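So the structure is just underneath, and the comments pick up after that.
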Amino acid sequence: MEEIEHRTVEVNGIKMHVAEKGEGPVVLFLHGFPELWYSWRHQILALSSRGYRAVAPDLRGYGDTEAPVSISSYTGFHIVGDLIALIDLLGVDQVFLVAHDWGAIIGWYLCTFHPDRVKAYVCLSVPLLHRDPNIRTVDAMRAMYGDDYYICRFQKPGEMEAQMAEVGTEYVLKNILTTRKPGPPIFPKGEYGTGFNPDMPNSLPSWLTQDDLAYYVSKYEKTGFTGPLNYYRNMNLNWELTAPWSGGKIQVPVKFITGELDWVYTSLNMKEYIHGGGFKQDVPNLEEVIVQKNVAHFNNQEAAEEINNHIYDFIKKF
């Protein structure tokens, strides 16, 4: 950890905190919500120990990276713009990509726009968002799950931030990180309440230390949740803007890994899409789908060694 190098770089007009370690082919790690570069700490160490250059930035709006004020600065194109600039800086033509949650949606965009830049992709938890020309991303979620589905509840500017503020930052982060409840997260009306987890434990599960939680908390207490929430607020706009790639296929090699209890895996008809043929139809070189038994949403932290090995074995074929 003390050997991990932290720097601030200038990419696509913003200032981005980059954590990195090791030399070799770059493995670029993209965190999601409500995560940080820190979420990748086990993968950064392991992969850098095996002759790979591990790079994990805080994404726009997160952690120690610049957080633009306008909701409009958080389209997928803005984030991919950041990352193309970062990769150009690292000095490489291609990278290996590993990603989780929002990081994975951004990762899919990168593979859509610049497949030539991604050798292979280890995708955690979030499969490709299939673009249905007949219905917008969030319209489809609201039709399926109603207005209290978390992504719908994240849409209205300021509202979720205020609801989170009432319960406090530490509660929100513990609530989400500790959850093991499968299925669509549906919030109680009018408030955060029990949010993602109606069964919060007194003690943190053994994969998360008091210090780990404190690191997340210290960053989020500074930045708030607005930048991260702004990604979700651009989902319908991403759907409009990604129209040029309608009915396209992704030819990058992909290894998809998810926990059995992951809420994404157990919602939005994702199991059908993943195993039923669609995912492979969109992603011809989807190789192995791995479902980790008794592991939930934060699988790279909860099952860190397993993840490390799957990443390595996969990327080494190349």
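All residue names refer to the structure tokens as shown: chains lettered A, B, ... in order, residues numbered from 1 in each chain, ligands numbered from 1 in order.
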Write out as a VMD selection string the residues lying within 12 Å of residue 131 in chain A, counting only C-alpha atoms and excluding same-chain residues fewer than 5 positions away. chain A and resid 109 136 to 138 140 235 to 236 238 to 249 278 to 279 282
Would you put the residues from that selection into a file with N, CA and C atoms, as a CSV table (one decimal), in the first residue's frame?
chain,number,residue,atom,x,y,z
A,109,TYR,N,-18.3,1.2,-22.7
A,109,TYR,CA,-18.3,2.3,-23.6
A,109,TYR,C,-16.9,2.4,-24.3
A,136,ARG,N,-35.9,4.0,-23.7
A,136,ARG,CA,-34.7,4.5,-23.0
A,136,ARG,C,-34.3,3.7,-21.7
A,137,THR,N,-33.1,3.7,-21.4
A,137,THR,CA,-32.5,3.0,-20.3
A,137,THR,C,-33.3,3.1,-19.0
A,138,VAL,N,-33.6,4.3,-18.6
A,138,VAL,CA,-34.3,4.5,-17.3
A,138,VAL,C,-35.8,4.3,-17.4
A,140,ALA,N,-37.2,2.1,-19.1
A,140,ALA,CA,-37.3,0.6,-19.0
A,140,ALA,C,-37.2,0.2,-17.5
A,235,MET,N,-27.9,8.6,-17.7
A,235,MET,CA,-28.2,7.3,-18.4
A,235,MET,C,-29.1,7.4,-19.6
A,236,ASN,N,-30.2,8.2,-19.5
A,236,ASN,CA,-31.1,8.4,-20.7
A,236,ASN,C,-30.3,9.2,-21.8
A,238,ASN,N,-27.1,9.1,-22.3
A,238,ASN,CA,-26.1,8.2,-22.9
A,238,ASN,C,-26.8,7.3,-23.9
A,239,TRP,N,-28.1,6.9,-23.6
A,239,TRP,CA,-28.9,6.1,-24.5
A,239,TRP,C,-29.2,6.9,-25.8
A,240,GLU,N,-29.5,8.2,-25.7
A,240,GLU,CA,-29.7,8.9,-26.9
A,240,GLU,C,-28.4,9.1,-27.7
A,241,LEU,N,-27.3,9.4,-27.1
A,241,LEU,CA,-26.0,9.7,-27.7
A,241,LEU,C,-25.3,8.5,-28.3
A,242,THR,N,-25.6,7.3,-27.7
A,242,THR,CA,-25.0,6.0,-28.2
A,242,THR,C,-25.7,5.4,-29.4
A,243,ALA,N,-26.7,6.1,-29.9
A,243,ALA,CA,-27.4,5.7,-31.1
A,243,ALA,C,-26.6,5.3,-32.3
A,244,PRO,N,-25.4,6.0,-32.6
A,244,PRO,CA,-24.6,5.6,-33.7
A,244,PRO,C,-24.1,4.1,-33.6
A,245,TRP,N,-24.1,3.5,-32.4
A,245,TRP,CA,-23.7,2.2,-32.2
A,245,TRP,C,-24.8,1.2,-32.0
A,246,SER,N,-26.0,1.7,-32.3
A,246,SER,CA,-27.2,0.8,-32.2
A,246,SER,C,-27.0,-0.5,-33.0
A,247,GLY,N,-27.4,-1.6,-32.4
A,247,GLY,CA,-27.3,-2.9,-33.1
A,247,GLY,C,-25.8,-3.3,-33.4
A,248,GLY,N,-24.9,-2.7,-32.6
A,248,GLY,CA,-23.5,-3.1,-32.8
A,248,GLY,C,-23.1,-4.2,-32.0
A,249,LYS,N,-22.0,-4.8,-32.3
A,249,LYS,CA,-21.4,-5.9,-31.4
A,249,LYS,C,-20.0,-5.5,-30.9
A,278,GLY,N,-28.2,-13.8,-25.2
A,278,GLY,CA,-28.2,-12.4,-25.6
A,278,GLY,C,-26.8,-11.7,-25.4
A,279,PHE,N,-26.2,-11.8,-24.2
A,279,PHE,CA,-24.9,-11.3,-23.8
A,279,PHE,C,-23.9,-11.8,-24.9
A,282,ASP,N,-24.3,-10.2,-28.3
A,282,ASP,CA,-23.8,-8.8,-28.4
A,282,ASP,C,-22.3,-8.8,-28.2
Per-residue DSSP, range 12-151 of chain A, filtered to alpha helix (DSSP H), as a PDB file with C-alpha atoms, in the first residue's frame:
ATOM      1  CA  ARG A  41      -6.257  -2.245  -3.404  1.00  0.00           C
ATOM      2  CA  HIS A  42      -6.031  -6.083  -3.493  1.00  0.00           C
ATOM      3  CA  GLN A  43      -5.946  -6.252  -7.284  1.00  0.00           C
ATOM      4  CA  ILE A  44      -3.352  -3.460  -7.526  1.00  0.00           C
ATOM      5  CA  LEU A  45      -0.953  -5.365  -5.226  1.00  0.00           C
ATOM      6  CA  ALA A  46      -1.505  -8.815  -6.737  1.00  0.00           C
ATOM      7  CA  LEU A  47      -1.243  -7.815 -10.376  1.00  0.00           C
ATOM      8  CA  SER A  48       1.800  -5.614  -9.792  1.00  0.00           C
ATOM      9  CA  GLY A  76     -20.214   8.391 -20.635  1.00  0.00           C
ATOM     10  CA  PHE A  77     -18.352  10.353 -23.333  1.00  0.00           C
ATOM     11  CA  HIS A  78     -16.872  12.669 -20.722  1.00  0.00           C
ATOM     12  CA  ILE A  79     -15.631   9.689 -18.655  1.00  0.00           C
ATOM     13  CA  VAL A  80     -14.260   7.828 -21.662  1.00  0.00           C
ATOM     14  CA  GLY A  81     -12.656  11.135 -22.718  1.00  0.00           C
ATOM     15  CA  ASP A  82     -10.851  11.196 -19.360  1.00  0.00           C
ATOM     16  CA  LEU A  83      -9.667   7.642 -19.770  1.00  0.00           C
ATOM     17  CA  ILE A  84      -8.422   7.908 -23.364  1.00  0.00           C
ATOM     18  CA  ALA A  85      -6.302  10.867 -22.174  1.00  0.00           C
ATOM     19  CA  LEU A  86      -5.008   8.853 -19.189  1.00  0.00           C
ATOM     20  CA  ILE A  87      -4.107   5.885 -21.405  1.00  0.00           C
ATOM     21  CA  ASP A  88      -2.298   8.167 -23.874  1.00  0.00           C
ATOM     22  CA  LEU A  89      -0.345   9.466 -20.851  1.00  0.00           C
ATOM     23  CA  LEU A  90       0.614   5.986 -19.609  1.00  0.00           C
ATOM     24  CA  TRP A 102     -20.294   2.201 -13.108  1.00  0.00           C
ATOM     25  CA  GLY A 103     -16.643   1.570 -13.941  1.00  0.00           C
ATOM     26  CA  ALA A 104     -17.853  -1.383 -15.953  1.00  0.00           C
ATOM     27  CA  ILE A 105     -20.490   0.630 -17.883  1.00  0.00           C
ATOM     28  CA  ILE A 106     -17.748   3.148 -18.723  1.00  0.00           C
ATOM     29  CA  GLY A 107     -15.552   0.162 -19.565  1.00  0.00           C
ATOM     30  CA  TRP A 108     -18.166  -1.130 -22.001  1.00  0.00           C
ATOM     31  CA  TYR A 109     -18.265   2.330 -23.634  1.00  0.00           C
ATOM     32  CA  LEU A 110     -14.491   2.276 -24.004  1.00  0.00           C
ATOM     33  CA  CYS A 111     -14.741  -1.111 -25.742  1.00  0.00           C
ATOM     34  CA  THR A 112     -17.538   0.249 -27.953  1.00  0.00           C
ATOM     35  CA  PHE A 113     -15.663   3.383 -28.998  1.00  0.00           C
ATOM     36  CA  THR A 137     -32.511   2.953 -20.297  1.00  0.00           C
ATOM     37  CA  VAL A 138     -34.266   4.492 -17.276  1.00  0.00           C
ATOM     38  CA  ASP A 139     -37.763   4.390 -18.843  1.00  0.00           C
ATOM     39  CA  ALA A 140     -37.318   0.608 -19.000  1.00  0.00           C
ATOM     40  CA  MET A 141     -36.212   0.466 -15.345  1.00  0.00           C
ATOM     41  CA  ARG A 142     -39.164   2.573 -14.158  1.00  0.00           C
ATOM     42  CA  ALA A 143     -41.599   0.377 -16.132  1.00  0.00           C
ATOM     43  CA  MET A 144     -40.112  -2.741 -14.548  1.00  0.00           C
ATOM     44  CA  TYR A 145     -39.583  -1.662 -10.946  1.00  0.00           C
ATOM     45  CA  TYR A 150     -32.732   3.023  -6.716  1.00  0.00           C
ATOM     46  CA  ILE A 151     -31.686   4.225 -10.186  1.00  0.00           C
TER      47      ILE A 151
END
I need the residue nearest residue 318 in chain A from this list: A:96, A:62, A:74, A:196. Use only C-alpha atoms for the distance. A:96
Between CA of residue 224 in chain A and CA of residue 169 in chain A - distance in Å to one decimal: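 Value for the CA of residue 169 in chain A-CA of residue 224 in chain A distance: 8.1 Å.
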Please identify all polymer residues within 8 Å of range 120-130 of chain A, counting only C-alpha atoms, omitting same-chain residues fewer than 2 positions from it, and present them as a PyMOL selection string. chain A and resi 95-101+104-105+108+118+132+252-259+262+264-265+270+274+279+282+297+299-300+311+314-315+318
In Å to one decimal, how far is CA of residue 63 in chain A from CA of residue 165 in chain A?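 Interatomic distance here is 17.5 Å.
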Mind the document's chain letters and residue numbers, and return as a PyMOL selection string the residues of range 111-206 of chain A that DSSP labels strand (DSSP E). chain A and resi 118-124
Here is a test: counting only C-alpha atoms, which residue of A:26, A:67, A:54, A:214 is nearest to residue 5 in chain A?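 Nearest to residue 5 in chain A: A:54.
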Residues within 8 Å of residue 177 in chain A, please, as a list in words. Count only C-alpha atoms; anything in the same chain fewer than 3 positions from it doesn't count.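 The residues satisfying every condition are residues 173, 174 and 298 of chain A.
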Would you save the residues from that selection as a compact mmCIF listing (two decimals), in the first residue's frame, using N, CA and C atoms?
# COMPACT_ATOMS: atom_id res chain seq x y z
N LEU A 173 -22.62 4.48 3.42
CA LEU A 173 -21.54 3.61 2.97
C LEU A 173 -21.58 2.23 3.64
N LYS A 174 -21.85 2.17 4.95
CA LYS A 174 -21.96 0.87 5.62
C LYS A 174 -23.17 0.10 5.10
N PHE A 298 -19.84 -6.64 -4.01
CA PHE A 298 -18.45 -6.18 -3.97
C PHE A 298 -17.46 -7.33 -4.06
Computed interatomic separation between CA of residue 35 in chain A and CA of residue 66 in chain A (Å):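 CA of residue 35 in chain A sits 15.3 Å away from CA of residue 66 in chain A.
With only C-alpha atoms as the atoms that count, the residue of A:33, A:226, A:57, A:198 with the shortest distance to residue 11 in chain A is A:57.
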Need the shell around residue 71 in chain A: protein/DNA/RNA residues with any atom at most 8 Å away, counting only C-alpha atoms. Skip same-chain ones fewer than 5 positions apart. Format as a PyMOL selection string? chain A and resi 227+230+233-234
Counting only C-alpha atoms, which of A:222, A:280, A:6, A:316 gets nearest to residue 52 in chain A? A:316
Determine the nearest neighbour of residue 60 in chain A from the options A:14, A:172, A:290, A:186, counting only C-alpha atoms. A:14
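If only C-alpha atoms are the atoms counted, then among A:119, A:189, A:271, A:180 the closest residue to residue 149 in chain A is A:189.
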